Amino acid sequence: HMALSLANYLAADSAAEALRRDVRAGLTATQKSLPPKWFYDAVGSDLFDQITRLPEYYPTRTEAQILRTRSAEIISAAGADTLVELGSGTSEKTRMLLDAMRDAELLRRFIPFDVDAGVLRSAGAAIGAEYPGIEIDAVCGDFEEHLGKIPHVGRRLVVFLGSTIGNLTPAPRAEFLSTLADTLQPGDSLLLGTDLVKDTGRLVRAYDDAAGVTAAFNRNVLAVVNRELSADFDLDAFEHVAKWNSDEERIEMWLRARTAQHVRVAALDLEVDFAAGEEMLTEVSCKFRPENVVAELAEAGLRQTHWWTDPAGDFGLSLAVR
Ligand SMILES: C[N+](C)(C)[C@@H](Cc1cnc[nH]1)C(=O)O
Ligand SMILES: [Mg+2]
């Protein structure tokens with residue numbers, strides 16, 4: 001099944017330059033950091049897939065169970081014939097929504113939007129084979145820059161699942177939602193997944209699993225830098241640390257140097273020192289309160305028409321309209 005349309009707004013040389021800029025800025029900052037987008041090379045994407053099946057990492061299965069039991073209601077409320085996914089279309093959650101759109105005799109079109117064109121091609125072929133006659137228009141782009149490149153055809157249900165929105169701190173998060181709302185037409189809908197404030201032990205353990213998989217995922221960002229920028233990070237020298245930040249109500253992932261480290265990043269003509277015990281921030285994952293989700297949507301210009309949550313209150317899905 002080779003039927004496909006694909007627009008690609010991302011260039012290899014542009015991505016390499018973004019990594020250079022990000023690593024230089026993050027490793028020379030007074031408090032070191034690295035952006036989590038760089039976790040998702042081939043290795044890191046596979047580790048994240050594994051994370052979604054860990055006993056401690058409740059978000060994926062919780063969101064999936066909400067969609068499993070409520071997809072027909074979501075689809076009926078949206079009335080859309082086109083599913084736009086800020087994501088690659090590889091998950092069972094995608095099929096739950098497409099199945100419900102098919103069951104309702106609404107489904108015409110799938111628009112996956114993500115950063116890896118090869119994965120979009122694979123997902124497109126799989127979706128095409130499962131939903132014969134569906135139009136697939138894939139977009140390779142950055143969801144903080146190319147949202148205007150998503151086609152406007154049809155009545156669109158735009159979905160952003162998994163609480164990936166929690167990787168944006170409040171100012172960029174507000175800008176993202178405001179921009180997204182300005183690409184929607186009357187009649188379009190946003191389905192947004194948000195992980196919720198809950199027991200703090202359960203939160204920390206979800207990012208510090210017993211098997212060490214999250215720790216490997218986190219340290220792999222050092223392997224990305226090592227490979228792409230000719231650096232010599234010693235991954236064994238960095239401890240994985242997950243923290244609950246109660247002031248910002250967010251999970252944080254950090255890497256902590258066990259002993260002083262001297263790291264050359266040869267491609268940047270840069271050497272960088274870590275003191276013993278020095279920590280570097282690699283990810284934030286903001287957790288939400290239901291009343292604040294409504295307010296953030298409203299501030300972006302969207303009205304929350306529906307809210308779904310599991311019986312434990314662990315996770316929330318919002319449907320919002322212009
Ligand atoms: C895919 N998101 C960004 C939603 C995940 C990434 C992640 C999982 N374990 C550590 N980081 C999340 O924040 O829970
Ligand atoms: Mg040099």
Side-chain angles (χ1 to χ4, degrees), residues 20 23-24 27 33-41 43-64 66-67 85-91 93-94 114-116 119 142-144 159-169 172-173 176 191-198 200 202-222 224 229-232 240-245 248-255 262-270 272 280-288 314-317:
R20 291 178 67 88
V23 168
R24 180 181 298 284
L27 295 185
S33 61
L34 292 169
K37 64 187 280 182
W38 304 116
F39 283 139
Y40 300 96
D41 73 336
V43 164
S45 289
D46 196 335
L47 284 168
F48 176 66
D49 184 60
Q50 177 159 21
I51 285 169
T52 70
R53 295 182 290 278
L54 294 168
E56 297 95 330
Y57 190 76
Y58 61 81
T60 307
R61 72 182 58 96
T62 305
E63 187 173 44
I66 299 171
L67 292 173
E85 183 177 328
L86 307 190
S88 290
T90 59
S91 72
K93 299 185 276 191
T94 304
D114 212 336
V115 300
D116 192 300
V119 173
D142 178 353
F143 66 68
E144 289 187 276
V159 311
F160 192 24
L161 307 176
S163 208
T164 297
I165 194 168
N167 281 157
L168 303 172
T169 59
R173 191 167 71 236
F176 166 80
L191 183 72
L192 182 70
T194 51
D195 195 12
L196 306 178
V197 177
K198 62 172 62 59
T200 58
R202 289 182 58 217
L203 281 164
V204 170
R205 286 189 296 276
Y207 293 80
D208 193 14
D209 60 293
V213 177
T214 304
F217 174 75
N218 192 9
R219 281 192 285 259
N220 177 242
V221 76
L222 304 181
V224 171
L229 299 177
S230 301
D232 58 3
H240 170 70
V241 181
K243 301 188 192 192
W244 175 244
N245 181 333
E248 298 288 348
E249 300 195 335
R250 69 196 192 178
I251 278 290
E252 300 169 345
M253 297 207 314
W254 298 80
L255 293 169
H262 316 292
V263 181
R264 306 187 48 202
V265 186
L268 296 179
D269 298 298
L270 183 67
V272 174
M280 174 170 61
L281 175 69
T282 56
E283 190 179 26
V284 306
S285 189
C286 298
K287 303 301 169 186
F288 294 85
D314 280 348
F315 198 94
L317 280 167

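Positions are given from 1 along the sequence. Atoms within a ligand are numbered from 1 in the order they appear, just like the ligands themselves.
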Which is the closest N/O/S atom of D269 when seen from the Mg ion (ligand 2)?
OD1
Check ion pair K287-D195 (N to O, under 4.0 angstrom)
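Answer for the salt bridge query: yes.
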Heavy-atom closest contact (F288 atom, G166 atom, distance):
CE1-CA, 4.1 Å
Got a sec, which residues hit salt bridge (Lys or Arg N to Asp or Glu O under 4.0 Å) with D208, two or more places apart in sequence or on another chain?
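By the salt bridge (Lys or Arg N to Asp or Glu O under 4.0 Å) rule, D208 matches no residue at all.
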Show your working on ring pair (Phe, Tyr, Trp, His ring centres under 6.0 Å) between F217 and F39 and close with a plain yes or no.
CA-CA 7 Å; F217 174 75; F39 283 139; 4.5 Å; yes
Close aromatic pair by centroid cut-off 6.0 Å: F176 and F160
yes
For ligand 1, what N or O to protein N or O distances fall under 3.5 Å?
| residue | atom | partner | partner atom | Å |
| --- | --- | --- | --- | --- |
| ligand 1 | 11 (N) | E283 | OE1 | 2.6 |
| ligand 1 | 11 (N) | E283 | OE2 | 3.4 |
| ligand 1 | 13 (O) | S285 | OG | 2.9 |
| ligand 1 | 14 (O) | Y57 | OH | 2.6 |
| ligand 1 | 14 (O) | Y207 | OH | 2.6 |

Using a distance-only test with no angle check, is there a side-chain donor-acceptor pair under 3.5 angstrom linking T52 and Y57?
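No - no donor-acceptor pair under 3.5 Å links their side chains.
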